[PDB]
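**Q** The structure's right below; bear with me while I get my questions together.
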Protein chains: 2
Amino acid sequence: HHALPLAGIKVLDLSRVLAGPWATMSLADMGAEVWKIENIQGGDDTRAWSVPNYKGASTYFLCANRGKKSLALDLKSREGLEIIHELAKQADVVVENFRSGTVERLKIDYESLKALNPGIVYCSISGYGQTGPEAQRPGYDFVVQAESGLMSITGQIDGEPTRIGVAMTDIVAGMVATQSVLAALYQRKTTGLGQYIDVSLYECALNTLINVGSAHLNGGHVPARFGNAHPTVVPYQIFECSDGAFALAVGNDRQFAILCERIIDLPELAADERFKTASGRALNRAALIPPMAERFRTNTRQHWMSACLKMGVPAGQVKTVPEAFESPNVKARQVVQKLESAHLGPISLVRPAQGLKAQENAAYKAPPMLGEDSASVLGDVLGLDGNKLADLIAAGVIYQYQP
Amino acid sequence: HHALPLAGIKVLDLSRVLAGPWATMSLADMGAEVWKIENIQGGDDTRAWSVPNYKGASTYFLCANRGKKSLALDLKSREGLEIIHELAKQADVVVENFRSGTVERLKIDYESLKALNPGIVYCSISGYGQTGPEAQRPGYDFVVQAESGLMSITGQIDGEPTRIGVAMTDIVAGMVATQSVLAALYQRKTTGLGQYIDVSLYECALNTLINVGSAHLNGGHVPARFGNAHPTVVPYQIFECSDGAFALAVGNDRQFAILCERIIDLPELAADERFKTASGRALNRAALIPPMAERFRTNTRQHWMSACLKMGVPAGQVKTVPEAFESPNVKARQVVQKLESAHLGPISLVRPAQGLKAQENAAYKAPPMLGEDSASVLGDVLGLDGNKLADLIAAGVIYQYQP
């Protein structure tokens with residue numbers, strides 16, 4: 001109905017776990033055809049992560065594999081490699097995040113596929129990059145959160161370093177890789193040529209240090225833990241109320257004055273030279289927060305949030321994940337999306353966030369069962385007849401999901 | 001030397017704070033020319049956030065404004081709007097994250113600029129989107145972390161919900177917006193037309209719930225707090241050693257067996273049916289972790305990490321941000337980047353993570369001073385002569401940084 005930007009782009013998706021699979025899911029969400037190549041023995045690693053499960057299937061797998069066609073294949077087999085190379089001749093993009101040396105060992109490395117298809121955009125996501133001393137080193141989100149410095153600044157001030165409840169660095173690396181693939185496809189419209197992309201999970205994590213890292217790199221400022229407070233914006237933190245906590249976020253000097261004179265009734269704070277400007281509130285933070293905290297404990301959370309809403313002071317409340325999906329805009333903008341799996345029935349996912357108009361009424365293929373699309377991809381893309389498909393199954397080269 | 005993918009792309013950057021500025025910095029990192037339009041009174045909001053500062057300048061501003069030309073301008077002035085519209089006729093992209101209704105009030109909204117330039121790709125980043133009940137509502141990273149459910153799952157199990165030490169959701173929204181702009185530019189090479197993009201910070205945050213959200217949406221599983229543990233992968237968490245903590249990450253059943261039989265010397269665990277598979281280790285987590293934790297306290301952190309490295313079990317250590325920038329690959333791959341500011345001297349930043357080869361030897365403009373490039377942009381892009389530039393300065397329409 002509404003054509004998506006990447007229609008006609010074909011992706012040979014060798015990725016697994018989360019970082020790569022999120023990149024190719026995103027390319028699919030923007031209109032690409034994705035051929036998820038999976039090992040016959042269990043396929044993507046996330047398929048084995050069956051705690052929790054929906055109707056016996058990994059829920060982890062569901063979150064990053066919308067819109068993909070699953071071809072279960074024996075990559076080490078002689079016949080399986082031939083299939084990969086025939087598909088690479090048709091492919092616009094290749095994405096892989098195997099351990100170091102795997103693609104070379106399997107002859108699906110960039111140089112091998114480049115000879116088959118010089119226009120191919122080849123994207124490799126690795127823990128620490130393809131060069132340097134730690135190139136051989138495995139990359140996991142939890143390790144990168146520890147070593148990137150994200151954990152050292154996250155958590156309670158006196159508490160221990162804390163990880164994020166999700167694998168945020170893998171998501172970031174997948175989003176960065178999506179940018180790289182898109183920009184290389186854009187350049188290919190002129191040069192006609194592909195190229196190799198080396199995305200590093202660790203460098204993606206370092207990029208997320210933003211203001212904390214730039215202060216360290218410029219002036220040598222040593223990072224500190226601020227808990228639920230911010231290191232530069234004040235008052236920008238959680239405050240305790242009589243019945244519970246609420247998040248207060250003032251961005252500009254005008255909002256702070258409104259808070260003091262119209263909501264918490266401490267007009268002297270807005271008059272004080274220490275607290276008038278945002279730079280002054282950070283310096284004199286120690287003197288500003290305590291009187292505010294005392295004032296907030298006098299009323300309930302709903303009282304303060306209603307006052308903030310009337311007066312225009314940005315405030316929010318800590319919501320559980322189930323509460324978040326009940327928010328008014330989730331219902332209004334139809335954020336939660338219903339897809340139909342032939343075998344699992346309806347599957348609900350958060351819709352793509354790119355904000356392209358052609359995505360609103362787009363119909364998305366549900367996350368595939370292992371090998372759900374083996375015969376469809378081989379028939380449509382390579383023209384394999386029925387007889388050849390039966391030979392491949394008998395030899396164990398391919399697997400097709402059977403109800 | 002090495003041409004970048006977006007060379008020749010021109011961006012009219014009206015964004016401020018972090019989400020938008022990160023999107024246009026990324027477009028600049030991939031080769032675009034960016035015209036950062038800033039209010040004469042202080043410019044970007046981050047410029048006022050001078051705690052911490054380097055040589056008196058905001059370090060926060062430095063992290064998201066590499067590669068941009070700063071034009072200090074009075075957007076409400078009659079002459080300033082004319083400049084914006086003349087630049088929009090030359091622009092390939094527009095990016096804005098003003099409060100709701102600002103662009104309409106200033107006549108820089110999408111419909112106004114679309115008539116000037118039908119090919120313009122217009123990207124608007126908002127807190128909750130451009131439609132629905134909360135469209136008028138302000139969007140701040142701290143509020144979205146609270147309300148998206150990220151805080152409810154992050155932090156110690158018995159502790160209070162905790163935010164991330166950086167504004168991760170704004171970074172994610174900027175990265176998503178970069179994808180949207182790129183995909184729309186790719187489609188424009190065929191259709192010849194621009195389009196409007198509506199990126200929602202809140203929906204970008206919901207996308208990051210990945211496996212936690214998909215389990216909730218499929219099977220109604222209620223999320224729980226796991227602290228430094230993972231909800232689905234075991235043993236994947238922090239363990240205490242005699243002298244301190246270390247992060248252990250086993251992804252596959254083979255690594256778990258090696259850990260038990262070759263490192264911690266608890267071979268019975270690998271033999272137990274409960275702990276043999278990853279799905280079984282999550283179910284029987286309560287019985288597996290305690291014996292492992294007891295075993296780790298018998299030796300030092302360095303002993304266990306050395307053993308993990310020899311045997312191939314992925315492990316890591318919690319590093320401070322300064323420690324992270326001393327890691328071997330940061331030095332080898334030249335991750336930290338030195339730029340020259342005319343007025344601040346050398347400025348160090350983390351290099352772009354897209355992994356394009358043309359970025360390795362690219363030279364990047366240092367983050368600009370307010371109005372550092374006002375005369376250069378007006379002269380080069382609009383052909384304004386010296387006499388006209390002097391009139392604009394005298395009337396207060398533009399500001400040029402003076403040493």
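Following the order of the structure tokens, first chain is A, next is B, and so on, with residues numbered from 1 inside each chain and ligands from 1 in the order they appear.
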Pick out the residues sitting within 10 Å of range 228-237 of chain A, and hand them over as a ChimeraX atom specification; count only C-alpha atoms, and ignore anything fewer than 2 positions along from it in its own chain.
**A** /A:154-157,211-212,223-226,239,246-252,256,275,277-285,288-289,292,314-315 /B:46,49-52,58-60,142-143,151,160-167
**Q** Please list as a ChimeraX atom specification every residue within 12 Å of range 374-387 of chain A, counting only C-alpha atoms and excluding residues in the same chain fewer than 6 positions away.
**A** /A:10-12,33-40,68-74,80,82-91,368,393-394,397-402
**Q** Got time to write the residues from that selection, N, CA and C atoms, as a JSON list (two decimals), in the first residue's frame?
**A**
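Saved result, again05.json, follows:
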```
[["chain", "number", "residue", "atom", "x", "y", "z"],
["A", 10, "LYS", "N", 17.86, -6.93, -0.34],
["A", 10, "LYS", "CA", 17.91, -8.32, 0.12],
["A", 10, "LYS", "C", 19.07, -8.48, 1.08],
["A", 11, "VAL", "N", 18.80, -9.10, 2.22],
["A", 11, "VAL", "CA", 19.76, -9.21, 3.32],
["A", 11, "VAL", "C", 20.01, -10.68, 3.59],
["A", 12, "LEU", "N", 21.28, -11.07, 3.59],
["A", 12, "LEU", "CA", 21.71, -12.42, 3.97],
["A", 12, "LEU", "C", 22.12, -12.31, 5.44],
["A", 33, "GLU", "N", 13.94, -7.40, 2.54],
["A", 33, "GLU", "CA", 13.71, -8.84, 2.65],
["A", 33, "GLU", "C", 14.92, -9.45, 3.33],
["A", 34, "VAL", "N", 14.68, -10.18, 4.43],
["A", 34, "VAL", "CA", 15.75, -10.71, 5.26],
["A", 34, "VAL", "C", 15.69, -12.23, 5.22],
["A", 35, "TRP", "N", 16.83, -12.85, 4.93],
["A", 35, "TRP", "CA", 16.97, -14.30, 4.90],
["A", 35, "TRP", "C", 17.81, -14.68, 6.12],
["A", 36, "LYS", "N", 17.15, -15.05, 7.21],
["A", 36, "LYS", "CA", 17.85, -15.46, 8.43],
["A", 36, "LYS", "C", 18.36, -16.88, 8.26],
["A", 37, "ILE", "N", 19.66, -17.03, 8.05],
["A", 37, "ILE", "CA", 20.30, -18.34, 7.98],
["A", 37, "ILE", "C", 20.55, -18.84, 9.40],
["A", 38, "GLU", "N", 20.02, -20.01, 9.72],
["A", 38, "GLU", "CA", 20.13, -20.57, 11.06],
["A", 38, "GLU", "C", 20.70, -21.98, 11.01],
["A", 39, "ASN", "N", 21.52, -22.31, 12.01],
["A", 39, "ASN", "CA", 22.04, -23.66, 12.13],
["A", 39, "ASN", "C", 20.90, -24.63, 12.38],
["A", 40, "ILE", "N", 20.98, -25.81, 11.75],
["A", 40, "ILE", "CA", 19.89, -26.78, 11.90],
["A", 40, "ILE", "C", 19.75, -27.22, 13.35],
["A", 68, "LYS", "N", 11.41, -11.65, 9.42],
["A", 68, "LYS", "CA", 12.49, -12.43, 8.84],
["A", 68, "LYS", "C", 11.98, -13.78, 8.36],
["A", 69, "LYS", "N", 12.60, -14.26, 7.28],
["A", 69, "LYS", "CA", 12.37, -15.60, 6.74],
["A", 69, "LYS", "C", 13.47, -16.52, 7.23],
["A", 70, "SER", "N", 13.09, -17.62, 7.87],
["A", 70, "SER", "CA", 14.05, -18.51, 8.50],
["A", 70, "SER", "C", 14.35, -19.69, 7.58],
["A", 71, "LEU", "N", 15.63, -19.87, 7.27],
["A", 71, "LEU", "CA", 16.12, -20.99, 6.47],
["A", 71, "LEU", "C", 17.08, -21.78, 7.35],
["A", 72, "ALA", "N", 16.66, -22.97, 7.77],
["A", 72, "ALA", "CA", 17.48, -23.83, 8.61],
["A", 72, "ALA", "C", 18.41, -24.64, 7.72],
["A", 73, "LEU", "N", 19.71, -24.55, 7.99],
["A", 73, "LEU", "CA", 20.72, -24.95, 7.02],
["A", 73, "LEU", "C", 21.95, -25.43, 7.76],
["A", 74, "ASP", "N", 22.71, -26.31, 7.12],
["A", 74, "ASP", "CA", 23.95, -26.82, 7.70],
["A", 74, "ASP", "C", 25.10, -26.04, 7.07],
["A", 80, "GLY", "N", 25.29, -26.85, 1.98],
["A", 80, "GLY", "CA", 24.86, -25.64, 2.66],
["A", 80, "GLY", "C", 25.67, -24.42, 2.26],
["A", 82, "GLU", "N", 27.18, -23.97, -0.59],
["A", 82, "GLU", "CA", 26.78, -23.60, -1.94],
["A", 82, "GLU", "C", 25.52, -22.76, -1.92],
["A", 83, "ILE", "N", 24.57, -23.09, -1.05],
["A", 83, "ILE", "CA", 23.36, -22.29, -0.93],
["A", 83, "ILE", "C", 23.70, -20.88, -0.46],
["A", 84, "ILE", "N", 24.61, -20.76, 0.51],
["A", 84, "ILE", "CA", 24.96, -19.44, 1.03],
["A", 84, "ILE", "C", 25.57, -18.58, -0.08],
["A", 85, "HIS", "N", 26.41, -19.18, -0.93],
["A", 85, "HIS", "CA", 27.08, -18.42, -1.97],
["A", 85, "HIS", "C", 26.12, -18.04, -3.09],
["A", 86, "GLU", "N", 25.17, -18.92, -3.42],
["A", 86, "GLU", "CA", 24.15, -18.58, -4.42],
["A", 86, "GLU", "C", 23.26, -17.45, -3.91],
["A", 87, "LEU", "N", 22.93, -17.45, -2.62],
["A", 87, "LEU", "CA", 22.16, -16.36, -2.04],
["A", 87, "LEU", "C", 22.99, -15.08, -1.94],
["A", 88, "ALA", "N", 24.30, -15.20, -1.71],
["A", 88, "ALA", "CA", 25.14, -14.01, -1.64],
["A", 88, "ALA", "C", 25.21, -13.30, -2.99],
["A", 89, "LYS", "N", 25.13, -14.06, -4.09],
["A", 89, "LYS", "CA", 25.10, -13.44, -5.41],
["A", 89, "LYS", "C", 23.84, -12.61, -5.62],
["A", 90, "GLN", "N", 22.75, -12.94, -4.92],
["A", 90, "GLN", "CA", 21.51, -12.17, -4.97],
["A", 90, "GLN", "C", 21.43, -11.10, -3.90],
["A", 91, "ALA", "N", 22.34, -11.08, -2.93],
["A", 91, "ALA", "CA", 22.16, -10.27, -1.74],
["A", 91, "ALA", "C", 22.73, -8.87, -1.91],
["A", 368, "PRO", "N", 9.84, -15.94, 12.88],
["A", 368, "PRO", "CA", 9.69, -17.27, 12.29],
["A", 368, "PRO", "C", 10.03, -18.41, 13.23],
["A", 393, "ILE", "N", 16.64, -32.22, 1.99],
["A", 393, "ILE", "CA", 16.11, -32.58, 3.31],
["A", 393, "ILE", "C", 16.61, -33.96, 3.72],
["A", 394, "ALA", "N", 16.62, -34.92, 2.79],
["A", 394, "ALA", "CA", 17.04, -36.28, 3.11],
["A", 394, "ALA", "C", 18.50, -36.33, 3.53],
["A", 397, "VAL", "N", 20.85, -31.38, 4.76],
["A", 397, "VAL", "CA", 21.38, -30.06, 4.44],
["A", 397, "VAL", "C", 20.45, -28.96, 4.91],
["A", 398, "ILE", "N", 19.13, -29.16, 4.78],
["A", 398, "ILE", "CA", 18.16, -28.15, 5.18],
["A", 398, "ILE", "C", 17.08, -28.81, 6.04],
["A", 399, "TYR", "N", 16.39, -27.97, 6.80],
["A", 399, "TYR", "CA", 15.27, -28.39, 7.64],
["A", 399, "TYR", "C", 14.10, -27.45, 7.41],
["A", 400, "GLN", "N", 12.91, -28.02, 7.21],
["A", 400, "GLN", "CA", 11.68, -27.27, 7.05],
["A", 400, "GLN", "C", 10.75, -27.57, 8.21],
["A", 401, "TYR", "N", 10.23, -26.51, 8.83],
["A", 401, "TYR", "CA", 9.35, -26.69, 9.98],
["A", 401, "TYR", "C", 8.08, -27.40, 9.54],
["A", 402, "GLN", "N", 7.74, -28.47, 10.26],
["A", 402, "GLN", "CA", 6.56, -29.28, 9.98],
["A", 402, "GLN", "C", 5.58, -29.12, 11.12]]
```
**Q** Identify which of the residues A:129, A:118, A:56, A:355 lies closest to chain B, counting only C-alpha atoms when measuring atom-to-atom distances.
**A**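 Under the stated criterion, the closest residue is A:355.
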**Q** Among the residues of range 10-82 of chain B, find those DSSP assigns to alpha helix (DSSP H) from the backbone and print them as an MDAnalysis selection string.
**A** chainID B and resid 19:29 45:48 59:62 78:82
**Q** When distances are computed from only C-alpha atoms, which of A:132, A:192, A:159, A:20 shows the smallest separation from residue 98 in chain A?
**A** A:20
**Q** Excluding residue 189 in chain A and any residue of its chain fewer than 3 positions from it, enumerate the residues within 12 Å of it, using only C-alpha atoms, and give them as a ChimeraX atom specification.
**A** /A:92,119,121,182-186,192-194 /B:5-6,185-190
**Q** Can you tell me which residues surround residue 361 in chain B at a distance of at most 12 Å, considering only C-alpha atoms, apart from same-chain residues fewer than 6 positions away, and format the answer as a PyMOL selection string?
**A** chain B and resi 1-4+29+333-335+337+351-352+355
**Q** Given the choices A:392, A:28, A:321, A:113, which gets closest to chain B if the distance is worked out from only C-alpha atoms?
**A**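 Answer, going by the shortest atom-to-atom distance: A:321.
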**Q** Just to confirm, what's the straight-line distance from CA of residue 350 in chain A to CA of residue 207 in chain B in Å (one decimal)?
**A** 6.2 Å
**Q** Do you know which residues are at most 12 Å from residue 346 in chain B counting only C-alpha atoms, after dropping those on the same chain fewer than 2 positions away, and could you put them as a list in words?
**A**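 The contact residues come out as residues 217, 218 and 219 of chain A; 54, 55, 62, 337, 338, 339, 340, 341, 342, 343, 344, 348, 349, 365, 366 and 367 of chain B.
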**Q** Give me a file of those residues, with N, CA and C atoms, as a short mmCIF file (atom, residue, chain, number, x, y, z; two decimals), in the first residue's frame.
**A**
```cif
data_model
loop_
_atom_site.label_atom_id
_atom_site.label_comp_id
_atom_site.auth_asym_id
_atom_site.auth_seq_id
_atom_site.Cartn_x
_atom_site.Cartn_y
_atom_site.Cartn_z
N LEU A 217 37.49 13.28 29.20
CA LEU A 217 38.48 13.50 28.15
C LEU A 217 38.88 14.97 28.02
N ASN A 218 38.07 15.89 28.55
CA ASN A 218 38.35 17.32 28.46
C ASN A 218 38.32 17.91 29.87
N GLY A 219 39.49 18.09 30.46
CA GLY A 219 39.60 18.54 31.83
C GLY A 219 39.91 17.45 32.83
N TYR B 54 35.41 22.68 30.53
CA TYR B 54 36.80 22.65 30.07
C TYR B 54 37.14 24.04 29.56
N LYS B 55 38.08 24.71 30.22
CA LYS B 55 38.44 26.08 29.86
C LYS B 55 37.21 26.98 29.83
N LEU B 62 30.22 19.35 24.27
CA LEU B 62 31.26 18.81 23.41
C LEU B 62 30.91 17.42 22.89
N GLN B 337 39.96 10.52 20.09
CA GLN B 337 40.19 11.33 18.90
C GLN B 337 40.50 12.75 19.31
N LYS B 338 41.51 13.35 18.67
CA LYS B 338 41.95 14.69 19.02
C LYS B 338 41.57 15.66 17.91
N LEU B 339 40.76 16.66 18.25
CA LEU B 339 40.32 17.69 17.33
C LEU B 339 40.87 19.03 17.81
N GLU B 340 41.00 19.98 16.90
CA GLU B 340 41.54 21.29 17.23
C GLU B 340 40.44 22.33 17.14
N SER B 341 40.15 22.97 18.26
CA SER B 341 39.27 24.12 18.30
C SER B 341 40.13 25.38 18.25
N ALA B 342 39.71 26.34 17.43
CA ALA B 342 40.47 27.58 17.33
C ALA B 342 40.58 28.26 18.69
N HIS B 343 39.55 28.13 19.52
CA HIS B 343 39.47 28.88 20.76
C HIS B 343 39.70 28.05 22.01
N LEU B 344 39.36 26.76 22.00
CA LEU B 344 39.55 25.91 23.17
C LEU B 344 40.79 25.03 23.08
N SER B 348 39.19 16.26 23.03
CA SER B 348 39.21 14.81 22.84
C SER B 348 37.81 14.25 22.97
N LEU B 349 37.44 13.37 22.04
CA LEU B 349 36.12 12.77 22.00
C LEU B 349 36.26 11.31 21.59
N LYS B 365 35.75 18.41 12.26
CA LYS B 365 35.71 19.74 12.86
C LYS B 365 35.37 19.64 14.34
N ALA B 366 36.08 20.41 15.16
CA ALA B 366 35.84 20.39 16.60
C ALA B 366 34.48 21.01 16.92
N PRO B 367 33.89 20.67 18.06
CA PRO B 367 32.60 21.27 18.43
C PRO B 367 32.69 22.78 18.39
#
```
**Q** Check the smallest atom-to-atom distance from each of B:323, B:294, B:109, B:243 to chain A using only C-alpha atoms, then report the winner.
**A** B:323
**Q** Give me the residues within 7 Å of residue 356 in chain B as a short mmCIF file (atom, residue, chain, number, x, y, z; two decimals) with N, CA and C atoms, in the first residue's frame, counting only C-alpha atoms and dropping any in the same chain fewer than 6 places off.
**A**
```cif
data_model
loop_
_atom_site.label_atom_id
_atom_site.label_comp_id
_atom_site.auth_asym_id
_atom_site.auth_seq_id
_atom_site.Cartn_x
_atom_site.Cartn_y
_atom_site.Cartn_z
N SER A 180 25.17 2.15 9.55
CA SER A 180 26.29 1.90 8.64
C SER A 180 25.82 1.24 7.36
N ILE A 197 32.19 -3.31 6.87
CA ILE A 197 31.90 -2.51 8.04
C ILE A 197 32.35 -3.29 9.27
N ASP A 198 33.08 -2.62 10.15
CA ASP A 198 33.60 -3.23 11.38
C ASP A 198 33.02 -2.46 12.57
#
```
**Q** Separation of CA of residue 43 in chain B and CA of residue 25 in chain B, in Å?
**A**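 It comes out at 16.4 Å.
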**Q** Looking at B:403, B:133, B:371, B:396, which one is nearest to chain A, with distances taken over only C-alpha atoms?
**A**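 For chain A, the nearest of the candidates is B:133.
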**Q** Provide the CA of residue 195 in chain B to CA of residue 115 in chain B distance in Å, to one decimal place.
**A**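 The value is 12.1 Å.
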**Q** Which residues are close to residue 329 in chain B, i.e. within 12 Å by only C-alpha atoms, leaving aside same-chain residues fewer than 3 positions away? Reply as an NGL selection string.
**A** (:A and (127-137 or 148 or 200-203 or 206)) or (:B and (324-326 or 332-336))
